[PDB]
Every structure is written in C-alpha cells, then in structure tokens.
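Novice: What follows is my_file_25.csv; its format and atoms are CSV, N, CA and C atoms.
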chain,number,residue,atom,x,y,z
A,1,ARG,N,4.5,14.9,-9.9
A,1,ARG,CA,3.8,16.1,-10.4
A,1,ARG,C,2.3,16.1,-10.0
A,2,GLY,N,1.8,17.3,-9.7
A,2,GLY,CA,0.4,17.5,-9.4
A,2,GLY,C,-0.5,17.4,-10.6
A,3,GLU,N,-1.8,17.0,-10.5
A,3,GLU,CA,-2.8,17.0,-11.6
A,3,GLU,C,-4.0,17.8,-11.2
A,4,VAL,N,-4.6,18.6,-12.1
A,4,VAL,CA,-5.9,19.2,-11.9
A,4,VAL,C,-7.0,18.3,-12.4
A,5,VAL,N,-8.0,18.1,-11.6
A,5,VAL,CA,-9.2,17.2,-11.9
A,5,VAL,C,-10.5,17.9,-11.6
A,6,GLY,N,-11.5,17.7,-12.4
A,6,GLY,CA,-12.8,18.2,-12.2
A,6,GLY,C,-13.6,17.6,-11.0
A,7,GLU,N,-14.9,17.7,-11.0
A,7,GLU,CA,-15.7,17.2,-9.9
A,7,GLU,C,-15.6,15.7,-9.7
A,8,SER,N,-16.1,14.9,-10.6
A,8,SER,CA,-16.0,13.5,-10.6
A,8,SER,C,-14.9,12.9,-11.5
A,9,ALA,N,-14.0,13.7,-12.1
A,9,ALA,CA,-13.0,13.2,-13.1
A,9,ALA,C,-12.0,12.2,-12.4
A,10,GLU,N,-11.6,11.2,-13.2
A,10,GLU,CA,-10.6,10.2,-12.7
A,10,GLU,C,-9.2,10.7,-12.5
A,11,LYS,N,-8.8,10.5,-11.2
A,11,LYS,CA,-7.4,10.9,-10.8
A,11,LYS,C,-6.3,9.9,-11.4
A,12,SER,N,-5.1,10.4,-11.6
A,12,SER,CA,-3.9,9.7,-11.9
A,12,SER,C,-3.0,9.5,-10.8
A,13,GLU,N,-1.9,8.8,-10.9
A,13,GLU,CA,-0.7,8.7,-10.0
A,13,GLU,C,0.6,9.1,-10.7
A,14,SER,N,1.4,9.8,-10.0
A,14,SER,CA,2.8,10.2,-10.4
A,14,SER,C,3.6,10.1,-9.2
A,15,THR,N,4.6,9.2,-9.2
A,15,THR,CA,5.4,8.9,-8.0
A,15,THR,C,6.8,9.3,-8.3
A,16,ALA,N,7.5,9.6,-7.2
A,16,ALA,CA,9.0,9.8,-7.3
A,16,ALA,C,9.7,8.5,-7.8
A,17,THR,N,10.9,8.7,-8.4
A,17,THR,CA,11.8,7.6,-8.7
A,17,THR,C,13.2,7.8,-8.1
A,18,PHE,N,13.9,6.7,-7.8
A,18,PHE,CA,15.1,6.7,-7.1
A,18,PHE,C,16.2,5.8,-7.8
A,19,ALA,N,17.4,6.1,-7.6
A,19,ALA,CA,18.5,5.3,-8.2
A,19,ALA,C,19.7,5.2,-7.2
A,20,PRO,N,20.4,4.1,-7.0
A,20,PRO,CA,21.6,4.0,-6.2
A,20,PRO,C,22.8,4.3,-7.0
A,21,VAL,N,23.8,5.0,-6.4
A,21,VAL,CA,25.1,5.2,-7.0
A,21,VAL,C,26.2,4.7,-6.1
A,22,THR,N,27.3,4.2,-6.6
A,22,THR,CA,28.3,3.5,-5.8
A,22,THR,C,29.7,4.1,-5.9
A,23,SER,N,30.5,4.1,-4.8
A,23,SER,CA,31.9,4.4,-4.8
A,23,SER,C,32.7,3.3,-5.5
A,24,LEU,N,33.9,3.6,-5.9
A,24,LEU,CA,35.0,2.6,-6.1
A,24,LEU,C,35.9,2.8,-4.9
A,25,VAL,N,36.9,1.9,-4.8
A,25,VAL,CA,38.0,2.0,-3.9
A,25,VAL,C,39.3,1.9,-4.7
A,26,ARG,N,40.3,2.7,-4.3
A,26,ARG,CA,41.5,2.9,-5.1
A,26,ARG,C,42.7,3.0,-4.1
A,27,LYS,N,43.6,2.0,-4.2
A,27,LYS,CA,44.8,2.0,-3.4
A,27,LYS,C,46.0,2.5,-4.2
A,28,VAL,N,46.6,3.5,-3.7
A,28,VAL,CA,47.8,4.1,-4.3
A,28,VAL,C,49.0,4.0,-3.4
A,29,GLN,N,50.2,3.8,-4.0
A,29,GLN,CA,51.4,3.5,-3.4
A,29,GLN,C,52.5,4.3,-4.1
A,30,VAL,N,53.5,4.7,-3.3
A,30,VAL,CA,54.8,5.2,-3.9
A,30,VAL,C,55.9,4.6,-3.2
A,31,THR,N,56.8,4.0,-4.0
A,31,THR,CA,58.0,3.3,-3.5
A,31,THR,C,59.2,3.8,-4.2
A,32,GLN,N,60.2,4.2,-3.4
A,32,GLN,CA,61.5,4.8,-3.9
A,32,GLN,C,62.7,3.9,-3.4
A,33,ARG,N,63.6,3.6,-4.3
A,33,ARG,CA,64.7,2.7,-4.0
A,33,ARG,C,66.1,3.3,-4.3
A,34,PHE,N,67.0,3.1,-3.4
A,34,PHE,CA,68.4,3.7,-3.4
A,34,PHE,C,69.4,2.8,-2.8
A,35,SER,N,70.7,2.9,-3.2
A,35,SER,CA,71.8,2.1,-2.6
A,35,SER,C,72.2,2.6,-1.2
A,36,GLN,N,72.8,1.7,-0.4
A,36,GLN,CA,73.3,2.0,0.9
A,36,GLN,C,74.3,3.1,0.9
A,37,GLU,N,75.2,3.1,-0.2
A,37,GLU,CA,76.1,4.2,-0.4
A,37,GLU,C,75.5,5.6,-0.5
A,38,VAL,N,74.2,5.7,-0.9
A,38,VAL,CA,73.5,7.0,-0.9
A,38,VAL,C,73.1,7.4,0.5
A,39,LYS,N,72.7,6.5,1.3
A,39,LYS,CA,72.4,6.8,2.7
A,39,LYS,C,73.7,7.3,3.5
A,40,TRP,N,74.8,6.6,3.3
A,40,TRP,CA,76.1,7.0,3.8
A,40,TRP,C,76.5,8.4,3.3
A,41,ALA,N,76.4,8.6,2.0
A,41,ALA,CA,76.8,9.9,1.4
A,41,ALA,C,75.9,11.1,1.9
A,42,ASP,N,74.6,10.9,1.9
A,42,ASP,CA,73.6,11.8,2.4
A,42,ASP,C,73.9,12.2,3.8
A,43,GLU,N,74.1,11.2,4.7
A,43,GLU,CA,74.2,11.5,6.1
A,43,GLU,C,75.6,12.0,6.6
A,44,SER,N,76.6,11.8,5.8
A,44,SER,CA,77.9,12.3,6.1
A,44,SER,C,78.2,13.7,5.5
A,45,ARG,N,77.7,14.0,4.3
A,45,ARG,CA,77.8,15.3,3.6
A,45,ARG,C,76.7,16.2,3.9
A,46,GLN,N,75.7,15.8,4.7
A,46,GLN,CA,74.5,16.6,5.0
A,46,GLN,C,73.7,17.0,3.8
A,47,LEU,N,73.5,16.1,2.8
A,47,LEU,CA,72.9,16.5,1.5
A,47,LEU,C,71.4,16.8,1.7
A,48,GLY,N,70.6,16.0,2.5
A,48,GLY,CA,69.2,16.1,2.6
A,48,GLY,C,68.4,15.5,1.4
A,49,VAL,N,69.0,14.8,0.5
A,49,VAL,CA,68.4,14.0,-0.6
A,49,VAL,C,67.3,13.1,0.0
A,50,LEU,N,67.6,12.3,1.1
A,50,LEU,CA,66.7,11.4,1.7
A,50,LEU,C,65.5,12.1,2.3
A,51,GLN,N,65.8,13.3,3.0
A,51,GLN,CA,64.6,14.1,3.5
A,51,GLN,C,63.8,14.6,2.3
A,52,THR,N,64.4,15.2,1.2
A,52,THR,CA,63.5,15.6,0.1
A,52,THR,C,62.7,14.4,-0.5
B,1,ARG,N,-64.3,-34.7,10.2
B,1,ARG,CA,-65.8,-34.7,10.3
B,1,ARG,C,-66.4,-35.8,11.1
B,2,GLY,N,-67.5,-35.5,11.8
B,2,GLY,CA,-68.4,-36.5,12.4
B,2,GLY,C,-69.1,-37.4,11.4
B,3,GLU,N,-69.6,-38.5,11.9
B,3,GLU,CA,-70.3,-39.5,11.1
B,3,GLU,C,-71.5,-40.1,11.9
B,4,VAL,N,-72.7,-40.2,11.3
B,4,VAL,CA,-73.8,-41.0,11.9
B,4,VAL,C,-73.7,-42.4,11.3
B,5,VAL,N,-73.8,-43.4,12.1
B,5,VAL,CA,-73.4,-44.8,11.7
B,5,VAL,C,-74.6,-45.8,11.7
B,6,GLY,N,-75.2,-46.0,12.9
B,6,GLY,CA,-76.3,-47.1,13.0
B,6,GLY,C,-75.8,-48.3,13.9
B,7,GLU,N,-76.6,-49.3,13.8
B,7,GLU,CA,-76.6,-50.5,14.8
B,7,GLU,C,-75.3,-51.2,14.8
B,8,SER,N,-74.8,-51.5,13.6
B,8,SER,CA,-73.5,-52.3,13.4
B,8,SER,C,-72.9,-52.0,12.0
B,9,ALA,N,-73.2,-50.8,11.5
B,9,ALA,CA,-72.6,-50.3,10.2
B,9,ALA,C,-71.1,-50.0,10.4
B,10,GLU,N,-70.3,-50.1,9.4
B,10,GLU,CA,-68.9,-49.9,9.4
B,10,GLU,C,-68.5,-48.4,9.7
B,11,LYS,N,-67.7,-48.2,10.7
B,11,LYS,CA,-67.0,-46.9,10.8
B,11,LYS,C,-66.1,-46.6,9.6
B,12,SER,N,-65.9,-45.3,9.4
B,12,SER,CA,-64.9,-44.7,8.5
B,12,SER,C,-64.0,-43.7,9.2
B,13,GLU,N,-62.7,-43.7,8.9
B,13,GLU,CA,-61.8,-42.6,9.3
B,13,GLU,C,-62.2,-41.3,8.6
B,14,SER,N,-61.8,-40.2,9.3
B,14,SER,CA,-61.8,-38.8,8.8
B,14,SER,C,-60.8,-38.1,9.6
B,15,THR,N,-59.6,-37.8,9.0
B,15,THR,CA,-58.4,-37.4,9.7
B,15,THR,C,-58.0,-36.0,9.4
B,16,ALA,N,-57.6,-35.2,10.3
B,16,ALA,CA,-57.0,-33.9,10.0
B,16,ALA,C,-55.8,-34.0,9.1
B,17,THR,N,-55.7,-33.0,8.2
B,17,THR,CA,-54.5,-32.9,7.3
B,17,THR,C,-53.8,-31.6,7.5
B,18,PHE,N,-52.5,-31.6,7.3
B,18,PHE,CA,-51.6,-30.5,7.7
B,18,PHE,C,-50.6,-30.2,6.6
B,19,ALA,N,-50.0,-29.0,6.6
B,19,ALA,CA,-48.9,-28.7,5.7
B,19,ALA,C,-48.0,-27.6,6.4
B,20,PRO,N,-46.7,-27.6,6.1
B,20,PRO,CA,-45.8,-26.5,6.4
B,20,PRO,C,-46.0,-25.4,5.4
B,21,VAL,N,-45.6,-24.2,5.8
B,21,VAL,CA,-45.3,-23.1,4.9
B,21,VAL,C,-44.0,-22.5,5.4
B,22,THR,N,-43.1,-22.0,4.5
B,22,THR,CA,-41.8,-21.4,4.8
B,22,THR,C,-41.8,-20.0,4.5
B,23,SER,N,-41.1,-19.2,5.3
B,23,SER,CA,-40.7,-17.8,5.0
B,23,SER,C,-39.8,-17.7,3.8
B,24,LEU,N,-39.4,-16.5,3.4
B,24,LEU,CA,-38.3,-16.2,2.6
B,24,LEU,C,-37.4,-15.1,3.3
B,25,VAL,N,-36.2,-15.1,3.0
B,25,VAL,CA,-35.3,-14.0,3.5
B,25,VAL,C,-35.0,-13.0,2.4
B,26,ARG,N,-35.2,-11.8,2.6
B,26,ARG,CA,-35.0,-10.7,1.7
B,26,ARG,C,-33.9,-9.7,2.3
B,27,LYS,N,-32.8,-9.6,1.6
B,27,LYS,CA,-31.8,-8.6,1.9
B,27,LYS,C,-32.1,-7.4,1.1
B,28,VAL,N,-32.4,-6.3,1.7
B,28,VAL,CA,-32.7,-5.0,1.0
B,28,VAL,C,-31.7,-3.9,1.4
B,29,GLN,N,-31.2,-3.2,0.4
B,29,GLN,CA,-30.1,-2.3,0.6
B,29,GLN,C,-30.4,-1.0,-0.1
B,30,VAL,N,-30.0,0.2,0.4
B,30,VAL,CA,-30.0,1.5,-0.3
B,30,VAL,C,-28.7,2.1,-0.3
B,31,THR,N,-28.2,2.5,-1.5
B,31,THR,CA,-26.8,3.1,-1.7
B,31,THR,C,-27.0,4.5,-2.4
B,32,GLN,N,-26.4,5.5,-1.9
B,32,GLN,CA,-26.4,6.8,-2.5
B,32,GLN,C,-24.9,7.3,-2.7
B,33,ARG,N,-24.6,7.9,-3.8
B,33,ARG,CA,-23.2,8.3,-4.2
B,33,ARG,C,-23.1,9.7,-4.6
B,34,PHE,N,-22.1,10.4,-4.1
B,34,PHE,CA,-21.9,11.9,-4.3
B,34,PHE,C,-20.5,12.3,-4.3
B,35,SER,N,-20.1,13.3,-5.1
B,35,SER,CA,-18.8,13.9,-5.2
B,35,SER,C,-18.3,14.6,-3.9
B,36,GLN,N,-17.0,14.6,-3.6
B,36,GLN,CA,-16.5,15.3,-2.4
B,36,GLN,C,-16.9,16.8,-2.4
B,37,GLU,N,-17.0,17.4,-3.6
B,37,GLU,CA,-17.6,18.8,-3.8
B,37,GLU,C,-18.9,18.9,-3.1
B,38,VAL,N,-19.8,18.0,-3.3
B,38,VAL,CA,-21.2,18.0,-2.6
B,38,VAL,C,-21.1,18.1,-1.1
B,39,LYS,N,-20.1,17.4,-0.5
B,39,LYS,CA,-19.9,17.5,0.9
B,39,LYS,C,-19.3,18.8,1.3
B,40,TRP,N,-18.3,19.4,0.6
B,40,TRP,CA,-17.7,20.7,0.8
B,40,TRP,C,-18.7,21.8,0.7
B,41,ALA,N,-19.6,21.8,-0.4
B,41,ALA,CA,-20.7,22.7,-0.6
B,41,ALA,C,-21.7,22.6,0.6
B,42,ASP,N,-22.1,21.4,0.9
B,42,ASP,CA,-23.1,21.2,2.0
B,42,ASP,C,-22.6,21.8,3.4
B,43,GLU,N,-21.4,21.4,3.8
B,43,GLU,CA,-20.9,21.8,5.1
B,43,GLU,C,-20.4,23.3,5.2
B,44,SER,N,-20.1,23.9,4.0
B,44,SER,CA,-19.7,25.3,4.0
B,44,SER,C,-21.0,26.2,3.9
B,45,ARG,N,-21.9,26.0,3.0
B,45,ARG,CA,-23.1,26.7,2.8
B,45,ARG,C,-24.2,26.3,3.7
B,46,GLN,N,-24.1,25.3,4.5
B,46,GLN,CA,-25.1,24.7,5.4
B,46,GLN,C,-26.4,24.3,4.7
B,47,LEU,N,-26.3,23.6,3.5
B,47,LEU,CA,-27.4,23.3,2.7
B,47,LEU,C,-28.4,22.3,3.3
B,48,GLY,N,-27.9,21.3,4.1
B,48,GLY,CA,-28.6,20.2,4.7
B,48,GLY,C,-28.9,19.1,3.7
B,49,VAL,N,-28.3,19.1,2.5
B,49,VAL,CA,-28.5,18.0,1.5
B,49,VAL,C,-28.0,16.6,2.0
B,50,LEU,N,-26.9,16.6,2.7
B,50,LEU,CA,-26.4,15.3,3.3
B,50,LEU,C,-27.3,14.7,4.3
B,51,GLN,N,-27.8,15.6,5.2
B,51,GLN,CA,-28.8,15.1,6.3
B,51,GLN,C,-30.1,14.7,5.6
B,52,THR,N,-30.6,15.4,4.6
B,52,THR,CA,-31.8,15.0,3.9
B,52,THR,C,-31.6,13.7,3.2
If you took the structure in this file and wrote it as structure tokens, what would it be?
Specialist:
Amino acid sequence: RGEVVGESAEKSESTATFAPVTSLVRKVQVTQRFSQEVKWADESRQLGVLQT
Amino acid sequence: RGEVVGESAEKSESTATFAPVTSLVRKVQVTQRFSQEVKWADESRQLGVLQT
C-alpha cells in the first residue's frame, strides 16, 4: 500500500506477502473380473458384454 | 654569552638551549541538510538556494 507523507515526515514500509500451495497425487484403478466361460459365451453368441 | 676572563682565571660554560614545539591537527567539517521539496522548488522555480 502507498502512504502519503509531508515535507520531512517519516516514511513507512509496506511489502507484498507470498505463500506456496501444493498439489497432491492420486492414483485411480478400475479392475473387472470374469470367468473364462463368459469370454466363450460373449464371443460365440456375439453378446458384446466384454466390449461394454 | 661571551665572558671576559683575565690572566689565568677559570673559564665558565655558556651553552645554547633549545626546545621542540608541535603542531596540532584540526579536522573541520560543514554539513547542511534540506528536504527533497527544497531541491524540487529550487530547480523548478530557479531560486538558486542550493548554489548559494
């Protein structure tokens, strides 16, 4: 901030202030599990369950 | 000083005497102090107060 001062009046100081801010890190996973019979049924009957 | 002695009278000494004298060292200073306004007024209005 600026200050108004007279002829010989004593000046002040007013300085900027700073702060650091930090990221986190987040690992996300999705795992889906199915029987071999599902892969055989899907790919013979043309179901598209595995594609969905 | 000279001396008048005679036929076989005893001489006396009369010897010059000396002394030193020392100077002194004098540091002499002049300081004048003025507000930055006095400088701005002087150089704008051409007062000649700073040169004086």
Novice: Within 7 Å of chain A, which residues belong to chain B? Use only N, CA and C atoms and report them as a list in words.
Specialist: residues 35, 36 and 37 of chain B
Novice: Restrict the selected residues to N, CA and C atoms and save them as a PDB file, in the frame of the given file.
Specialist:
ATOM      1  N   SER B  35     -20.100  13.300  -5.100  1.00  0.00           N
ATOM      2  CA  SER B  35     -18.800  13.900  -5.200  1.00  0.00           C
ATOM      3  C   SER B  35     -18.300  14.600  -3.900  1.00  0.00           C
ATOM      4  N   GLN B  36     -17.000  14.600  -3.600  1.00  0.00           N
ATOM      5  CA  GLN B  36     -16.500  15.300  -2.400  1.00  0.00           C
ATOM      6  C   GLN B  36     -16.900  16.800  -2.400  1.00  0.00           C
ATOM      7  N   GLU B  37     -17.000  17.400  -3.600  1.00  0.00           N
ATOM      8  CA  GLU B  37     -17.600  18.800  -3.800  1.00  0.00           C
ATOM      9  C   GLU B  37     -18.900  18.900  -3.100  1.00  0.00           C
TER      10      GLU B  37
END
Novice: If you measure from atom C of residue 20 of chain B to atom CA of residue 2 of chain B, what distance in Å do you get, rounded to one decimal?
Specialist: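 Rounded to one decimal, the two atoms are 26.0 Å apart.
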Novice: In Å, rounded to a single decimal, give me how far atom CA of residue 10 of chain A is from atom CA of residue 33 of chain B.
Specialist: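 It comes out at 15.3 Å.
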Novice: Could you jot down the atom C of residue 38 of chain B to atom N of residue 5 of chain A separation for me, Å, one decimal place?
Specialist: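 The value is 16.8 Å.
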